[PDB]
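Here you get one chain, nothing else, as structure tokens; it is the form deposited in one PDB entry.
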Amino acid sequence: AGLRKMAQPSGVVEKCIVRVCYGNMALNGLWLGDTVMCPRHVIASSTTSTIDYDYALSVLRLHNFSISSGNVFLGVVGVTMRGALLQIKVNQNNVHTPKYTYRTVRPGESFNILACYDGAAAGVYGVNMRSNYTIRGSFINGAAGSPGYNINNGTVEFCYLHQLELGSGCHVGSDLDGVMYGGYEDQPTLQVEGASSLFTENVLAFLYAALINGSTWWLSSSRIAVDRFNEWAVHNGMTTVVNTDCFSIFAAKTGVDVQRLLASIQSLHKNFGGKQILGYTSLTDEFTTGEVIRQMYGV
């Protein structure tokens, strides 16, 4: 019993973190094979004006890099721009490279953050990509390059390198192809994030988890169609519901169909805060159906 936002174990990723220094910029890189990936603003020479990264790369000198794994120093062979990342070719293969892939995550999907400082992992926690392509994380200066990952059947799927903070607890990264999530710019210039909405399909997973764990005080006896709810959600800070077929397992275990849960969500959005659910805020959206199934049943 119980429901906790968990990270997957981080051991296989910890051995891939390196410290990447250039000038008086220091951040983290991801060392796989003989390449190190890191945010390109490590080579930027300013912290307020619009940066011409192509110029910054042209005035690059390879010997000013210092890349280290612990106290072991990597020799830099070449550098290429990769979107908002640098791909740094080094002279040493990482013998601890896991089997890995790249994947771009979509709004609502969960993954793990390995928060790193000075090229060493400091903390690990699970996150969920929001509708505005931001994550609710915990990062301070020094954390850029911190990777996001999932582990699927022994293969590490890398989906995130940390890039910037837009506002209190709103964090932005790029995928490993160097495409910034949400199209935010890795510039010091003014930009605000898109509107944050609760990811409704995750709230439905959480509410089914609550039912399975014996929490029913919030359960409406009313019922509302997915069509009509979506109309209401886009006026009330909630995303539309598109997949429901993923919930038939829960509807069958609980006896409660999605339409009653949508009615419940409408009613909880009114007396919002009047009572917790499983010790959480009633409209928690950080749990996916996959996470709930894994925690309730091990499947």
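The term rigid core refers to the most C-alpha atoms you can superpose between the two forms while keeping them within 1.5 Å. When you see a residue number, it is the position in the sequence shown, counting from 1. Only residues modelled in both forms are compared.
Quick note: we don't show the form deposited in another entry, though the next part is all about it.
Taking the core as reference between this form and the one not shown, the lone member of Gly183, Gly154, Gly78, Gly167 whose Cα moves by 2 Å or more is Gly167. Shown in the overlay between this form and the one not shown, fitted on the rigid core, is a CA shift at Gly274 of 2 Å or greater. Once the rigid core is aligned, the segments that move between this form and the one not shown, defined as three or more consecutive common residues whose C-alpha shifts all reach 2 Å, run 167-169, 270-274.
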